Number of protein chains: 2
Amino acid sequence: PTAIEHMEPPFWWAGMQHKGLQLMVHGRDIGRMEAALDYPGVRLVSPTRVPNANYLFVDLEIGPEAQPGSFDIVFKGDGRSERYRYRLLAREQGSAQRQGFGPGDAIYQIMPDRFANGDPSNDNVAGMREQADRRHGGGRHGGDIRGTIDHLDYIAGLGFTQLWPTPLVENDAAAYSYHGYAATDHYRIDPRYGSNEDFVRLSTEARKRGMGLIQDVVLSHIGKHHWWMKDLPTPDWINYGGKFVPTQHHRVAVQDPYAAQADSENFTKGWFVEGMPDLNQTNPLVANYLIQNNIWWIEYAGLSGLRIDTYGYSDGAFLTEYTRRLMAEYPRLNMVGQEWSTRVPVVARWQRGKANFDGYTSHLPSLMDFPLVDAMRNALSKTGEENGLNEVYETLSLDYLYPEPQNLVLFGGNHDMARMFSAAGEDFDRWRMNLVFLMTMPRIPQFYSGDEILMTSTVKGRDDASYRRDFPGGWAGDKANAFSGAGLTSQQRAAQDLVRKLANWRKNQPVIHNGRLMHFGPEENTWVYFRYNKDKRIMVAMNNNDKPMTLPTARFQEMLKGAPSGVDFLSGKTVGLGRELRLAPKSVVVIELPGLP
Amino acid sequence: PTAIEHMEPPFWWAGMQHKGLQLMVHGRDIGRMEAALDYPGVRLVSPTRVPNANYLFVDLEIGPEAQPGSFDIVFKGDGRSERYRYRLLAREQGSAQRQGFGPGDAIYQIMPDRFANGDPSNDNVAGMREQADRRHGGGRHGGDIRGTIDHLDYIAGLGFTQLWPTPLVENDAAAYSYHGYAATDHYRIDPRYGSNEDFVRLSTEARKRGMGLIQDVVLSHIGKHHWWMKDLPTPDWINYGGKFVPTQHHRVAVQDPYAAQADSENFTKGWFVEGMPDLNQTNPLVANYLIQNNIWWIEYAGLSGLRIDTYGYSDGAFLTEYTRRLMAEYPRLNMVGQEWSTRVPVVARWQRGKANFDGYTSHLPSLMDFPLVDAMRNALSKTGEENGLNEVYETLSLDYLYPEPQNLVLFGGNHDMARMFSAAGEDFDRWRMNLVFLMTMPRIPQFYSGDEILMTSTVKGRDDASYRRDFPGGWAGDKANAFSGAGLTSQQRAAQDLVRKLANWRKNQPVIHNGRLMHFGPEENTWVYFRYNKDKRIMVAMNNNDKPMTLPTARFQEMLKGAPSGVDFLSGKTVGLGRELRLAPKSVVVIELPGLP
Ligand SMILES: OC[C@H]1O[C@H](O[C@H]2[C@H](O)[C@@H](O)[C@@H](O[C@H]3[C@H](O)[C@@H](O)[C@@H](O[C@H]4[C@H](O)[C@@H](O)[C@@H](O[C@H]5[C@H](O)[C@@H](O)[C@@H](O[C@H]6[C@H](O)[C@@H](O)[C@@H](O)O[C@@H]6CO)O[C@@H]5CO)O[C@@H]4CO)O[C@@H]3CO)O[C@@H]2CO)[C@H](O)[C@@H](O)[C@@H]1O
Ligand SMILES: OC[C@H]1O[C@@H]2O[C@H]3[C@H](O)[C@@H](O)[C@@H](O[C@H]4[C@H](O)[C@@H](O)[C@@H](O[C@H]5[C@H](O)[C@@H](O)[C@@H](O[C@H]6[C@H](O)[C@@H](O)[C@@H](O[C@H]7[C@H](O)[C@@H](O)[C@@H](O[C@H]1[C@H](O)[C@H]2O)O[C@@H]7CO)O[C@@H]6CO)O[C@@H]5CO)O[C@@H]4CO)O[C@@H]3CO
Ligand SMILES: [Ca+2]
Ligand SMILES: [Ca+2]
Ligand SMILES: [Ca+2]
Ligand SMILES: [Ca+2]
């Protein structure tokens, strides 16, 4: 290396909650040196040396009296000296109290490579290991930050208030770089997306449009081409001594009274795939690194929260400390973990407030509601079943297992699953039911880019390329363009208009954000539920059958209290409620009524 | 009619835990009368009248100073007087402390009409509404108490230590009387089975052979031919005023934060079927009636516990009081509730010691483990799945939801589901895996009569008659006799030999009764688990594939601790364990090893 090759974090802030700052310094023979500084309020601790000559860890304590400014950190040894001018930034007013995404928000999810190519010139970047190929399902297609910024008006116009892009951090792999989940530099935006500065600008431009930005963070693993892999900072930085030992994905092993240590270790230490070296988070240097890096991104880019990948694949004790550190800095933040299980108890284990049988404590505010998404996809697909909606009702009834079920993220789909429209059997009427459900449940709704124009995919197993097709209109020359409307079918445009109608309506319905829910047991694949408070009732009724259904309204009188009729927000039709509710085949209605006494 | 037509309970005991005793007296204008008695230690409370002149409720407080003996209760009014000689029996020594069935037991379930016809002369009883018809799948076939007693040596010899017959109380219906679930007289054995005394004899004879007797009690409903229905004791005795209003079976409605009262009431008050009037257990007279009746059967017939039908279909507050009362009398008893859900949270809600979100409390010791049975049947039948056993492992990992998972009843099958052998696809090798699992899990195993000779049924849908075919050998003239072994095929006899082998072995295995369990996540439909303590290890390994599989034993070292080999109890063969476990296609081994320090 040349003097100091990497300084991480590269700068920090005065006035953080945790006073300690640990710098990870990288350069040839830097480990052979001693650090010194002189700045009021900043104390240099006592060297803890690592055996690798090319790394030095420097512990600072930044007292509350430290002012924003800069100071040289000088590194002396072997008759030489090296300098780094370290900067402490002033924090933005209100930084610590930043409001995280919550029940009043709706999240729009993109994959940056697959959304919009605003700058074809950065599709390839000289020096990088992969060449772009738009026709390869696993290739880089060239979407970037410029393209995303170009279309913030569209996203906000649809009624979304938060943007979640899959990771933009450097993934300099020879193949499958596009997906972002195998970081090769945690402190750098992949140059094919743009610069670190462009990412900050994406945040500021989103904010001007009333949208927060949620970063997708991977804690458990990196990519095999990470610069660490050439010269391991410590022998135990990577689990299994830096050699590939696969995980077998026994997720319940971390939360099972009958667990073998072999299985729990294999889950948190095993490598996801050979191309994804697993971080040893039981090493305090690794824990500190990840915690500081994510805090750095939040403070630097003005994030509204995080989506945390591969949640339970990280060490359990590390996760307690990581979530504690993050929530201590930003007490109103939201962070949504991805615990990919359709079992309510497995997901609920991780949410802040949960009383666990083993005393495990977490500070994680939110999780992805895979169980409920799975239940609704089953109801919509199992067309041969008399009462598939029962799975949704019974899954919802388990919400008492979560300390804060209204903070969970419910989603129409994402980059890992069959397209929402395909999961509905390409049945527009069933799709409407799914969309109404998403927009009215006591959850934080998240929507996957492309679903608003009924993009389709394969349905069975895992077929990732199928779920990540280029957004129509994201590339110059596209003959179907969802941004302008050009080339959409009437049905695709109707879907898009309905997404806009419901998402913007939801923004202004406090009863959906924090109201009570009363649902009724589904009967013959009809289902009725209500969101309600002193101000408003919203009645949802769906008929998941190809025949009409007539439901006596006596059953629902604890919610209806004699209401003779109402207007369906969707179709705008009046709907009788006096004695019977007549539902057309495959109908869903959404009826606003005044609040109960 | 007859002066006093019913007196219930007909006698009681000195020295019960609960001092109060409420007599329900029935006869023409008995309600017009005034009761009187004189017996030291017994206090007559003073009448609380009901509008029906044909019923009188007499409230007694039997003090701890009351001695065994008998006394007249005299009823006076309208210039007339009636009397009943009331007996307080002395309790058998050790009655209150009786040990309920538990983890060391194995339960053999029969339907008394379908097991053994020891006396063809009671197949029909003069005056009753249904005639026997052995060729009707829903008819009475003639099984009785005599036949069951005749074959107690068989049941004990198979290794079972408890007998659970489906209900024997009078079911005097014109159709479908055989199954027992629609009582027409809670204080009388159906005369087609025998007398009350014969049932007591069944208990005493079973006890001689080391077996307890578990009674199957229905609390929620009765049959429409119950004598009550002719002259309702009170207008609210039966839910919905004695008129048929069906339940829609929304079982989660009683334990759901979002529940409608309509749905909860429909679950606990709705009639199961038109032929099964639903008891209003919110009426304290009905609550007292059922609590006393079940105590009466336990005390009178020397039962080891109860199996409680249609568990959540009874009023929740009633269940709290009923379980408290029963367990206050018999603190060591076991009672297994039938909460038919494959959702672990739904089942776990009811077990004693559970901290429920709504504060619901219960003294119920046990429930039927439908979730784990369903998981194993899926694993063994869906043989095209790569790792179907993963469902069993994950389900078992949720055991922390239950306060006492070791006290749950796990079963091979029962009278309401597809025959065990048929559910395993008539695959004897996979059926062996089910049987080994049943006999080695940290549960109380229950086995269904006929499964030991691989009786078959339909598998699709619900076909009750198909699950309940007569036991071969239970009727004079049967061509095959499973009791003697005559006329069994080699595969039938092999099944029966394996049941006898494993159940008798299990009686002698404290490590299965109360040892720890450590299981490993299944991989490619192979699964390894251990029962262990300082005295013994039992390693179960199953290969749920039609191909050989080899498992490196390094994975299991926390349990194996370098064991080079062990003897498989099934085959008697020594199995190598030093470096790998080599499993043949579709095999299961039960390797016995020394203790784990
Ligand atoms: O040996 C198992 C399996 O391997 C083969 O699949 C290969 C696959 O074809 C290939 O594309 C690659 O997948 C990549 C993927 O494209 C990337 O996106 C990245 O995946 C990350 C993902 O985007 C994240 O959102 C996140 O999702 C994870 C979850 O965290 C996990 O829990 C797990 O979810 C499973 C869930 O737990 C189960 O309940 C069940 O529903 O199945 C889910 C999987 O569908 O995985 C998801 C999705 O990956 O985290 C991911 C990792 O950061 O990285 C992936 C790995 O490179 O991986 C495979 C090998 O190269 C083969 O086709 C299968 O037949 C075989 O069974
Ligand atoms: O004492 C009554 C009954 O109770 C116990 O089992 C109950 C259980 O407690 C209930 O929660 C409920 O569970 C499920 C079923 O498992 C599920 O299959 C479904 O049930 C429907 C059936 O699918 C459908 O065929 C029909 O069932 C009919 C049945 O075909 C008839 O044979 C007849 O069943 C009688 C049984 O033969 C008799 O043993 C007794 O059942 C007991 C059961 O043994 C006991 O362990 O009485 C019944 C009723 O006469 O009639 C029924 C009803 O017409 O309809 C049902 C209901 O839709 O849904 C329920 C609820 O989720 O049922 C089980 C099993 O009966
Ligand atoms: Ca580009
Ligand atoms: Ca890991
Ligand atoms: Ca008989
Ligand atoms: Ca009932």
Side-chain angles (χ1 to χ4, degrees), chain A residues 109 111-113 115-125 132 134 137-138 140-148 166-167 171 173 175-176 178-183 190-194 216 218-224 246-251 267 271-276 307-313 337-343 346-347 368 370-371 373-374 414-418 461-468 474-476, chain B residues 112-113 115-125 132 134 140-148 190-194 386-387 390 394 474-476 524:
Chain A
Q109 180 201 181
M111 296 196 76
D113 183 63
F115 183 52
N117 186 355
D119 184 4
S121 73
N122 65 16
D123 294 5
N124 295 309
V125 173
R134 196 172 171 205
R140 296 194 73 93
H141 295 186
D144 52 41
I145 292 165
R146 183 163 178 195
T148 294
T166 56
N171 272 230
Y176 304 100
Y178 79 100
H179 63 242
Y181 290 96
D190 193 293
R192 311 104 138 178
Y193 297 130
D216 198 330
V218 180
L219 304 180
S220 180
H221 59 264
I222 55 179
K224 68 175 204 178
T247 188
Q248 278 67 61
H249 300 97
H250 298 126
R251 76 183 70 243
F267 194 65
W271 292 33
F272 198 87
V273 289
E274 189 156 5
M276 288 175 168
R307 180 265 186 190
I308 302 169
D309 189 61
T310 34
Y311 193 74
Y313 292 83
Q338 189 222 27
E339 169 56 277
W340 192 334
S341 174
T342 68
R343 298 180 176 280
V346 175
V347 180
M368 288 298 181
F370 290 100
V373 173
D374 185 68
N414 57 40
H415 60 299
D416 291 328
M417 61 185 47
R462 172 155 309 290
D463 186 19
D464 288 344
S466 192
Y467 322 138
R468 288 112 86 129
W475 276 253
Chain B
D113 183 58
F115 184 55
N117 186 354
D119 184 354
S121 81
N122 61 21
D123 290 4
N124 298 310
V125 172
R134 192 169 176 213
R140 300 191 72 89
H141 296 186
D144 49 41
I145 290 166
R146 184 166 173 188
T148 293
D190 198 290
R192 292 164 296 195
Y193 292 130
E386 187 186 11
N387 193 33
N390 194 58
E394 291 197 3
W475 275 252
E524 300 183 56

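Only this structure's heavy atoms are used, side chains among them; waters, hydrogens and symmetry mates stay out. Numbering of ligands and ligand atoms starts at 1, following listing order. In what follows, chains are A, B, ... by sequence order, proteins preceding strands, each numbered from 1.
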Closest non-hydrogen protein atom to atom 47 (C) of ligand 1, residue and atom name please, with distance? A:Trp340 CE3, 3.6 Å
Identify the two heavy atoms, one from A:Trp271 and one from A:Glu274, that lie closest to each other, and give their separation to 0.1 Å. CZ3-O, 3.4 Å
Sidechain-backbone polar pair: B:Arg140 side chain, B:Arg134 backbone, donor-acceptor under 3.5 Å: no
Hey, is A:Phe272 touching ligand 1 through its side chain, its backbone, both or neither, going by heavy atoms under 4.0 Å? side chain
Determine, considering heavy atoms only, which of A:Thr247, B:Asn390, A:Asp464 sits nearest to atom 11 (O) of ligand 1. A:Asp464
Determine, counting only non-hydrogen atoms of the protein, whether one lies under 4.0 angstrom from atom 24 (C) of ligand 1. yes
Please verify the inter-ring angle class for A:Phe370 with A:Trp340; under 30° counts as parallel, over 60° as perpendicular, anything in between as tilted. parallel
Closest non-hydrogen atoms of A:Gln338 and A:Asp309, given as atom of the first, atom of the second and distance, are OE1-OD1, 3.6 Å
Walk me through it: do A:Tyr181 and A:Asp216 pass the test side-chain hydrogen bond (donor to acceptor under 3.5 Å, both in side chains)? CA-CA 9 Å; A:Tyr181 290 96; A:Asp216 198 330; 2.6 Å; yes
Atom 57 (O) of ligand 1: protein heavy atom closer than 4.0 Å? yes
Any protein heavy atom lying closer than 4.0 Å to atom 41 (O) of ligand 1? yes
How does A:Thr310 reach ligand 1, by side chain, by backbone, by both or by neither, if only non-hydrogen atoms under 4.0 Å count? both
Residue portion contacting ligand 1 (non-hydrogen atoms closer than 4.0 Å) for A:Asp309: side chain
A:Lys224 and A:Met276: side-chain contact (heavy atoms from CB on, under 4.5 Å), yes or no, with the steps? CA-CA 6 Å; A:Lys224 68 175 204 178; A:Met276 288 175 168; over 6 Å; no
Among A:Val346, A:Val218, A:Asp416, closest by heavy atom to atom 22 (C) of ligand 1 is A:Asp416
Name the option, out of A:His179, A:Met111, B:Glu386, A:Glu274, that contains the heavy atom nearest to atom 17 (C) of ligand 1. A:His179
Any protein heavy atom < 4.0 Å from atom 9 (O) of ligand 1: no
Check all N, O or S atoms of A:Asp119 and name the one closest to the Ca ion (ligand 3). O
Output yes when A:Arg192 and A:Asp119 qualify as a salt bridge under the 4.0 Å nitrogen-oxygen rule, no when they do not. no
Closest candidate by heavy atom, reference atom 21 (C) of ligand 1, pool A:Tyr178, A:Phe370, A:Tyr176, A:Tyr181: A:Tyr181
Metal check, the Ca ion (ligand 3) vs A:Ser121 N/O/S, cut-off below 3.0 Å: no
Judged by modelled atom types alone, do A:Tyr193 and A:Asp113 share a side-chain donor-acceptor pair under 3.5 Å? no
So which protein heavy atom does atom 32 (O) of ligand 1 come closest to, and at what separation? A:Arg251 NH2, 3.0 Å
With heavy atoms only and a cut-off of under 4.0 Å, state how A:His249 meets ligand 1: side chain, backbone, both or neither. neither
Going by the 4.0 angstrom heavy-atom rule, the piece of A:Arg468 near ligand 1 is side chain
If we set the cut-off at 4.0 Å for heavy atoms, which region of A:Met276 has an atom near ligand 1: side chain, backbone, both, or neither? side chain
Sub-4.0 Å protein heavy atom near atom 62 (C) of ligand 1: no
State whether any protein heavy atom lies less than 4.0 Å from atom 44 (C) of ligand 1. yes
Any protein heavy atom at under 4.0 Å, with atom 29 (C) of ligand 1 as the reference point? yes
Given 3.5 Å as the limit, does a donor-acceptor pair link the side chain of B:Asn117 with the main chain of B:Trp475, or not? no
A:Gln248 atom CD, over 12 foreign heavy atoms within 6.0 Å: yes
Protein non-hydrogen atoms only, distance under 4.0 Å: does atom 36 (C) of ligand 1 have such a neighbour? yes
Going by the 4.0 angstrom heavy-atom rule, the piece of A:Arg307 near ligand 1 is side chain
Close N or O approach (A:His415, ligand 1; < 3.5 Å): yes
Tell me the protein heavy atom at minimum distance from atom 60 (C) of ligand 1, and give that distance in Å. A:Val273 CG1, 3.8 Å
Any idea which heavy atoms bring A:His415 and A:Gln109 closest together, and the distance? ND1-OE1, 2.9 Å
In terms of ring plane angle, is the pair A:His249 and A:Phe272 parallel, tilted or perpendicular, where the classes change at 30° and 60°? perpendicular
What is the OD2(A:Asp144)-the Ca ion (ligand 3)-OD1(A:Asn122) angle, to the nearest 10 degrees? 90°
At their closest point, which heavy atom of A:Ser341 faces which heavy atom of A:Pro371, and how far apart are they? O-CD, 3.3 Å
Any donor-acceptor pair under 3.5 Å from A:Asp123 side chain to A:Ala132 backbone: no
Is it true that B:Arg146 and B:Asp144 have a side-chain N and a carboxylate O under 4.0 angstrom from each other? no
When you measure from atom 27 (O) of ligand 1 to every protein heavy atom, which one gives the shortest distance, and what is it? A:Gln338 NE2, 2.9 Å
Provide the number and element of each atom of ligand 1 under 4.0 Å from a heavy atom of A:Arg462. 43 (C), 44 (C), 45 (O), 48 (C)
Candidates A:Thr247, A:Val273, A:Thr310 - the one meeting side-chain contact (heavy atoms from CB on, under 4.5 Å) with A:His221: A:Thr310
Between A:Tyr313 and ligand 1, find which residue part has any heavy-atom pair under 4.0 Å and reply side chain, backbone, both or neither. side chain
So does A:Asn117 have any N/O/S atom less than 3.0 Å away from the Ca ion (ligand 3)? yes
O (B:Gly142) - the Ca ion (ligand 5) - OD1 (B:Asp123) angle, nearest 10°: 90°
Does ligand 1 have an atom that lies less than 4.0 angstrom from a heavy atom of A:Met417? no
Over all heavy atoms of both residues, which pair between A:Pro112 and A:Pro167 is shortest? Give the atoms and the distance, please. CG-O, 4.2 Å
Shortest non-hydrogen separation from A:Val346 to A:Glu339 and the atoms involved: O-CG, 3.8 Å
